[PDB]
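Right, one structure below, let's go through it.
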Amino acid sequence: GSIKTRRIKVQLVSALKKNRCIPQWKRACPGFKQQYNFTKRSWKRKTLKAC
Amino acid sequence: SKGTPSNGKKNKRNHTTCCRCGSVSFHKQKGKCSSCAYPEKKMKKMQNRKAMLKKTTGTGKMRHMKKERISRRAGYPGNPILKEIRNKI
Amino acid sequence: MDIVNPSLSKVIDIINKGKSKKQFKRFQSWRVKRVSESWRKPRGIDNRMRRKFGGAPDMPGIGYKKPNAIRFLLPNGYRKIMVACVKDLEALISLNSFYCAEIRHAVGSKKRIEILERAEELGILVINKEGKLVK
Amino acid sequence: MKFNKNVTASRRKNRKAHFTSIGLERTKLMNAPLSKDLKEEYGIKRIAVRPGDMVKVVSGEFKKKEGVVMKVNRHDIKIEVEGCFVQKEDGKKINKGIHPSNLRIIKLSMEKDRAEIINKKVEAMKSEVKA
Amino acid sequence: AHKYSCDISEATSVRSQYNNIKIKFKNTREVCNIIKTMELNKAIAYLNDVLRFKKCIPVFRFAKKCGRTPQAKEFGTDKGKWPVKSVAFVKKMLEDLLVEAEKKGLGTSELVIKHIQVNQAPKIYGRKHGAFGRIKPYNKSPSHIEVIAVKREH
RNA sequence: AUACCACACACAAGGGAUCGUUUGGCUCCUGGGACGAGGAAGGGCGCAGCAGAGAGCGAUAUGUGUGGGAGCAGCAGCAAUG
RNA sequence: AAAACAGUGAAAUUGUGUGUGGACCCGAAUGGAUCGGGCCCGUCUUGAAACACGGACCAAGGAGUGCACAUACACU
RNA sequence: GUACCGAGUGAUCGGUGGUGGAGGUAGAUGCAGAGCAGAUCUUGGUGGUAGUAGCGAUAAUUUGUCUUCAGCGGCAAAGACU
Ligand SMILES: [Zn+2]
């Protein structure tokens with residue numbers, strides 16, 4: 001909801017910046033072997049436990 | 001009834017993020033953390049050997065301890081501007 | 001290839017027409033795909049083949065073994081020996097009356113030519129003569 | 001036979017040491033032999049190949065060819081030589097890389113620090129040769 | 001490249017194939033079965049009648065508990081069906097071969113459907129929720145398709 | 001049995017056994033046995049030209065000195081004034 | 001928890017073509033109708049085809065071992 | 001690995017033709033984590049049943065028109081409902 005503590009807000013801000021795919025240029029690099037970022041999440045499928 | 005309909009009432013939250021260990025296990029009413037016993041001075045007894053090795057020295061970064069070993073190897077040389085203080089001592 | 005051992009030439013056809021074509025398939029290998037055809041003796045308490053009821057198949061045993069003279073003889077009337085070198089044929093020089101040579105599968109073309117040339121001059125029969133070297 | 005027990009003879013250990021090399025140890029991998037004449041012009045028997053030097057290819061598809069070194073790939077250990085290439089379905093041409101040890105040096109590129117590099121190695125020899 | 005499932009000359013034949021199509025396997029092979037050995041213009045005419053409910057596809061292998069119908073009498077059976085989604089796809093596929101025939105320099109006539117086959121493609125997974133807290137499968141079954149038509153010697 | 005069901009063989013599907021390979025594991029031996037009020041071990045948050053995770057590093061987030069010496073893996077730019 | 005090579009690519013199972021049969025095995029044959037014999041395996045049990053139990057199908061894994069102490073045999 | 005053909009009472013062994021693309025045996029001895037149909041066995045993959053059972057408690061929907069490229073999607077006009 002609208003009321004939040006400072007500690008809860010920083011957790012949300014960090015959880016929101018980490019939630020991104022692999023940038024499209026990295027895929028062209030000779031040494032790079034990852035397909036998809038397995039740390040990506042959806043609000044419909046997991047809980048953060050920020051509480 | 002004790003199944004599905006009772007699940008609807010479960011909207012309160014007894015644990016929050018502990019400031020010593022990070023583990024979302026500080027019980028607000030009891031005033032105690034269930035992972036690390038904060039605010040007691042010592043850390044909690046861990047239940048078994050498997051579980052305690054997950055939090056030992058060397059599981060994180062060891063920043064200070066690594067530098068100390070390199071300095072000991074070198075013979076504790078110190079900052080080269082101040083050699084005269086070292087040599088006197 | 002149409003060749004015969006000269007000592008048995010007038011007898012070889014009687015011998016060949018006399019060999020059994022019986023097979024001893026494992027019991028119920030016809031019923032489930034997980035049981036292979038290879039013989040194993042049945043050991044069940046109730047089993048109809050072990051108990052030798054009429055109408056069940058026959059089991060292997062010593063009675064079916066061939067006469068000592070006929071045994072191991074190829075249909076051309078010789079016994080076989082495996083070879084992989086020129087220096088192997090040298091062993092057959094006393095035995096060529098009854099034995100013939102079969103070059104091992106892994107020996108390659110360039111080497112096979114050298115084996116066959118030696119076989120011609122020593123007078124030894126090689127049964128894989130055509131082999132891979134037809135081209 | 002080896003009598004020093006501090007040096008390893010394990011296949012697993014020797015292989016890891018090769019592929020995970022860095023710094024000066026990586027440079028040692030790019031060495032090639034000099035031709036007979038250059039081994040009289042200079043003391044050295046072998047040097048690390050650099051752009052602009054002139055090389056004869058002594059093994060492979062491009063045997064007998066001569067040309068100038070265009071590029072040095074350190075991560076995938078290969079050298080690109082001018083005029084050694086393959087053509088795609090498109091008609092576009094791609095330079096094919098050759099492993100250092102299949103080359104031989106015919107003329108040295110003497111740009112930059114090369115003359116000092118050579119001097120440093122010659123002195124290191126004599127220092128112990130004359131003793 | 002693609003290895004077609006039988007051997008017919010490149011001259012005097014026309015071909016097409018597709019992979020992982022999202023028409024339903026069992027419906028598609030009942031369609032293909034009935035138009036085998038038929039002349040191409042006849043095939044296209046027949047499939048137009050199926051879309052209008054004027055004629056039907058008869059069923060023989062994937063046919064349990066199916067409805068009976070007076071249109072099935074044309075093929076000596078009682079059981080038939082109208083699988084619109086598969087028919088629209090096959091019709092488009094056949095029409096394109098007449099373009100290829102014309103452009104290649106054969107006639108638009110005397111072409112006969114000599115070979116046609118359907119294969120199963122890998123399943124696409126799905127789920128439905130059941131009672132008592134269970135979850136059950138709800139998958140999709142796509143297909144692969146080949147056709148070859150040849151000119152009659154006559 | 002025109003078309004269903006079964007089996008055999010050839011071709012196309014479907015799955016990942018087998019054989020060939022290994023910058024990993026395990027065991028024995030030898031060395032080592034070096035943390036913290038000068039703020040440790042462990043947790044969090046920031047820092048890249050395009051940068052999510054991981055690695056490295058602290059608002060000096062690739063600084064100084066010594067010994068060397070050729071490129072920086074993609075694209076754009078840098079480099080014997082390193 | 002899973003996930004090695006952009007190698008090789010078995011079996012279960014599916015489609016098409018060509019042949020042979022109506023559950024299949026053993027013995028003996030025809031140009032051709034077929035003749036004779038056979039109940040479903042494993043297991044406890046006086047006694048199993050059982051209205052006794054386990055088994056839908058295929059691959060891979062899967063159960064008398066190591067040490068100590070007396071012992072009889074064979075060998076030095 | 002796959003079809004055929006030969007040898008052995010049998011456990012098994014040998015050859016020939018396609019596929020595959022780098023390693024492999026024969027004799028005598030040594031050490032064992034050394035042979036599967038079953039355990040409501042363990043893990044992974046696939047059938048028959050079957051184009052079948054079902055997918056439709058609640059207020060309700062029709063016509064034209066544009067997109068969509070084939071969404072009872074959007075907009076107008078009616079008909080209803082909380
Ligand atoms: Zn805590």
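Just remember, in the structure tokens the first chain shown is A, the second B, etc., residues are 1-based per chain, and ligands are 1-based in the order shown.
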Contacts from chain C to chain G, 8 Å maximum, only C-alpha atoms (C1' of nucleotides): show me the residue list as a PDB file with N, CA, C and O atoms, in the first residue's frame.
```
ATOM      1  N   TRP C  30       8.726 -64.762 -27.013  1.00  0.00           N
ATOM      2  CA  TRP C  30       7.705 -64.434 -28.002  1.00  0.00           C
ATOM      3  C   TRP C  30       6.569 -63.603 -27.410  1.00  0.00           C
ATOM      4  O   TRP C  30       5.708 -63.137 -28.148  1.00  0.00           O
ATOM      5  N   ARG C  31       6.546 -63.422 -26.089  1.00  0.00           N
ATOM      6  CA  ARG C  31       5.404 -62.829 -25.403  1.00  0.00           C
ATOM      7  C   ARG C  31       5.689 -61.386 -25.007  1.00  0.00           C
ATOM      8  O   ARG C  31       4.780 -60.564 -25.072  1.00  0.00           O
ATOM      9  N   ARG C  34      10.996 -57.389 -23.741  1.00  0.00           N
ATOM     10  CA  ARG C  34      12.085 -57.182 -22.798  1.00  0.00           C
ATOM     11  C   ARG C  34      12.899 -58.454 -22.539  1.00  0.00           C
ATOM     12  O   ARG C  34      13.960 -58.373 -21.920  1.00  0.00           O
ATOM     13  N   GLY C  44      11.460 -71.975 -12.396  1.00  0.00           N
ATOM     14  CA  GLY C  44      10.266 -71.734 -11.609  1.00  0.00           C
ATOM     15  C   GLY C  44       9.736 -73.025 -11.008  1.00  0.00           C
ATOM     16  O   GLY C  44       9.947 -74.097 -11.573  1.00  0.00           O
ATOM     17  N   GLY C  54       4.247 -82.605 -22.454  1.00  0.00           N
ATOM     18  CA  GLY C  54       4.150 -82.710 -23.902  1.00  0.00           C
ATOM     19  C   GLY C  54       3.502 -81.460 -24.481  1.00  0.00           C
ATOM     20  O   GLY C  54       2.511 -80.972 -23.943  1.00  0.00           O
ATOM     21  N   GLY C  55       4.088 -80.897 -25.536  1.00  0.00           N
ATOM     22  CA  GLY C  55       3.522 -79.679 -26.093  1.00  0.00           C
ATOM     23  C   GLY C  55       4.337 -78.429 -25.757  1.00  0.00           C
ATOM     24  O   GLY C  55       4.240 -77.429 -26.464  1.00  0.00           O
ATOM     25  N   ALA C  56       5.138 -78.485 -24.690  1.00  0.00           N
ATOM     26  CA  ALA C  56       6.136 -77.463 -24.432  1.00  0.00           C
ATOM     27  C   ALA C  56       7.352 -77.698 -25.331  1.00  0.00           C
ATOM     28  O   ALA C  56       7.538 -78.811 -25.818  1.00  0.00           O
ATOM     29  N   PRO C  57       8.227 -76.697 -25.598  1.00  0.00           N
ATOM     30  CA  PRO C  57       9.412 -76.925 -26.424  1.00  0.00           C
ATOM     31  C   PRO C  57      10.507 -77.754 -25.754  1.00  0.00           C
ATOM     32  O   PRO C  57      10.422 -78.046 -24.566  1.00  0.00           O
TER      33      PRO C  57
END
```
Next on the checklist: For the strand (DSSP E or B) assignment from backbone DSSP, which residues of chain C qualify? Please present them as a ChimeraX atom specification.
Outcome noted: /C:54,56,79-83,99-103,126
Next on the checklist: Among chain C, which ones does DSSP assign to helix (DSSP H, G or I) (computed from the backbone)? Answer as an MDAnalysis selection string.
Outcome noted: chainID C and resid 12:17 62:64 86:94 109:122
Checklist entry - For chain D, which residue among A:20, A:36, A:31, A:41 is the nearest when counting only C-alpha atoms? => result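 The answer is A:31, which sits nearest to chain D.
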Next on the checklist: Taking only C-alpha atoms (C1' of nucleotides) and all ligand atoms into account, which residues have an atom no farther than 12 Å from ligand 1? I'd like them as a PyMOL selection string.
Outcome noted: (chain B and resi 15-27+31-44) or (chain F and resi 42-43)
Checklist entry - Can you list, as an MDAnalysis selection string, every protein, DNA or RNA residue that comes within 12 Å of range 53-61 of chain D when you count only C-alpha atoms (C1' of nucleotides), leaving out same-chain residues fewer than 4 positions away? => result chainID D and resid 32:35 47:49 65:72 79:86 96:111 114
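Put simply, CA of residue 3 in chain D is 28.9 Å away from CA of residue 30 in chain D.
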Checklist entry - Could you write out as a list in words the residues of chain D within 7 Å of chain F, counting only C-alpha atoms (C1' of nucleotides)? => result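 My answer is residues 15, 16 and 112 of chain D.
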Could you list, with a cut-off of 8 Å and counting only C-alpha atoms (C1' of nucleotides), the residues of chain C near chain H, each shown with its nearest atom pair and the distance in Å rounded to one decimal, rows sorted by chain and ascending number, as CSV?
```
residue,atom,partner,partner_atom,distance
C:34,CA,H:37,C1',7.1
C:35,CA,H:37,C1',6.8
C:39,CA,H:10,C1',7.3
C:60,CA,H:9,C1',5.4
C:61,CA,H:9,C1',4.8
C:62,CA,H:9,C1',5.2
C:63,CA,H:9,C1',7.0
C:64,CA,H:9,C1',5.1
C:65,CA,H:9,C1',5.0
C:72,CA,H:7,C1',6.4
C:73,CA,H:7,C1',8.0
C:74,CA,H:7,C1',7.2
C:105,CA,H:15,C1',7.5
C:128,CA,H:15,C1',7.6
C:131,CA,H:16,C1',7.2
```
Item to check | Long-range neighbours of residue 43 in chain D as a list in words, 12 Å cut-off, only C-alpha atoms (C1' of nucleotides), 3 positions minimum in chain | outcome: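 Residues meeting the cut-off are residues 34, 36, 37, 38, 39, 40, 46, 47, 118, 119, 120, 121, 122, 123, 124, 125 and 126 of chain D.
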With N, CA, C and O atoms retained, export the selected residues as an mmCIF file, in the first residue's frame.
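Dumped everything to selection_25.cif:
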```cif
data_model
loop_
_atom_site.group_PDB
_atom_site.id
_atom_site.type_symbol
_atom_site.label_atom_id
_atom_site.label_comp_id
_atom_site.auth_asym_id
_atom_site.auth_seq_id
_atom_site.Cartn_x
_atom_site.Cartn_y
_atom_site.Cartn_z
ATOM 1 N N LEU D 34 63.079 -18.714 -36.838
ATOM 2 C CA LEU D 34 63.687 -17.833 -37.820
ATOM 3 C C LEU D 34 64.325 -18.673 -38.926
ATOM 4 O O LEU D 34 64.742 -19.803 -38.685
ATOM 5 N N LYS D 36 67.395 -19.529 -41.742
ATOM 6 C CA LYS D 36 68.814 -19.779 -41.535
ATOM 7 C C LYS D 36 69.658 -18.503 -41.606
ATOM 8 O O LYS D 36 70.583 -18.338 -40.806
ATOM 9 N N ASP D 37 69.344 -17.601 -42.547
ATOM 10 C CA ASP D 37 70.075 -16.349 -42.692
ATOM 11 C C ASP D 37 69.884 -15.428 -41.482
ATOM 12 O O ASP D 37 70.859 -14.897 -40.944
ATOM 13 N N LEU D 38 68.632 -15.239 -41.052
ATOM 14 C CA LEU D 38 68.346 -14.353 -39.932
ATOM 15 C C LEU D 38 69.025 -14.841 -38.652
ATOM 16 O O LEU D 38 69.282 -14.043 -37.756
ATOM 17 N N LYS D 39 69.323 -16.144 -38.566
ATOM 18 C CA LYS D 39 69.990 -16.711 -37.404
ATOM 19 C C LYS D 39 71.492 -16.424 -37.423
ATOM 20 O O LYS D 39 72.204 -16.841 -36.507
ATOM 21 N N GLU D 40 71.965 -15.714 -38.457
ATOM 22 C CA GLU D 40 73.316 -15.171 -38.511
ATOM 23 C C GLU D 40 73.279 -13.653 -38.336
ATOM 24 O O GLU D 40 74.188 -13.092 -37.727
ATOM 25 N N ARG D 46 64.427 -17.935 -32.116
ATOM 26 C CA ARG D 46 62.979 -17.829 -32.250
ATOM 27 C C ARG D 46 62.462 -16.561 -31.568
ATOM 28 O O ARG D 46 63.036 -16.119 -30.577
ATOM 29 N N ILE D 47 61.361 -16.007 -32.092
ATOM 30 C CA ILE D 47 60.773 -14.767 -31.599
ATOM 31 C C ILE D 47 59.245 -14.833 -31.696
ATOM 32 O O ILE D 47 58.700 -15.609 -32.474
ATOM 33 N N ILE D 118 65.147 -7.510 -28.821
ATOM 34 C CA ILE D 118 66.164 -8.398 -29.344
ATOM 35 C C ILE D 118 67.454 -8.237 -28.534
ATOM 36 O O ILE D 118 67.976 -9.236 -28.049
ATOM 37 N N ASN D 119 67.911 -6.996 -28.309
ATOM 38 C CA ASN D 119 69.103 -6.700 -27.519
ATOM 39 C C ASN D 119 69.060 -7.341 -26.131
ATOM 40 O O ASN D 119 70.044 -7.935 -25.704
ATOM 41 N N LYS D 120 67.927 -7.227 -25.441
ATOM 42 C CA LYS D 120 67.735 -7.757 -24.100
ATOM 43 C C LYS D 120 67.950 -9.271 -24.033
ATOM 44 O O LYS D 120 68.461 -9.780 -23.031
ATOM 45 N N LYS D 121 67.564 -9.989 -25.096
ATOM 46 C CA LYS D 121 67.656 -11.442 -25.149
ATOM 47 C C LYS D 121 69.078 -11.916 -25.454
ATOM 48 O O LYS D 121 69.518 -12.933 -24.923
ATOM 49 N N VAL D 122 69.778 -11.195 -26.331
ATOM 50 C CA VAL D 122 71.146 -11.495 -26.721
ATOM 51 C C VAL D 122 72.070 -11.357 -25.515
ATOM 52 O O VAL D 122 72.927 -12.208 -25.302
ATOM 53 N N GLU D 123 71.858 -10.321 -24.700
ATOM 54 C CA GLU D 123 72.684 -10.057 -23.530
ATOM 55 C C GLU D 123 72.503 -11.145 -22.472
ATOM 56 O O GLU D 123 73.465 -11.560 -21.826
ATOM 57 N N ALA D 124 71.255 -11.593 -22.304
ATOM 58 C CA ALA D 124 70.877 -12.605 -21.331
ATOM 59 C C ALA D 124 71.590 -13.928 -21.608
ATOM 60 O O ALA D 124 71.974 -14.623 -20.672
ATOM 61 N N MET D 125 71.747 -14.261 -22.896
ATOM 62 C CA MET D 125 72.535 -15.403 -23.328
ATOM 63 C C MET D 125 73.988 -15.217 -22.902
ATOM 64 O O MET D 125 74.475 -15.990 -22.082
ATOM 65 N N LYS D 126 74.653 -14.184 -23.439
ATOM 66 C CA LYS D 126 76.098 -14.021 -23.313
ATOM 67 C C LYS D 126 76.535 -14.039 -21.848
ATOM 68 O O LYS D 126 77.590 -14.579 -21.532
#
```
Per residue of chain A within 10 Å of chain B, record the nearest atom pair and its distance in Å to one decimal, counting only C-alpha atoms, with rows in chain order and ascending residue number, as a tab-separated table.
```
residue	atom	partner	partner_atom	distance
A:7	CA	B:17	CA	8.8
A:8	CA	B:17	CA	9.2
A:49	CA	B:24	CA	7.7
A:50	CA	B:16	CA	7.9
A:51	CA	B:13	CA	7.1
```
Next on the checklist: Using only C-alpha atoms (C1' of nucleotides), can you tell me which of E:154, E:103, E:65, E:144 comes closest to chain G?
Outcome noted: E:144
Checklist entry - What is the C1' of residue 55 in chain H to CA of residue 128 in chain E distance in Å? => result 10.8 Å
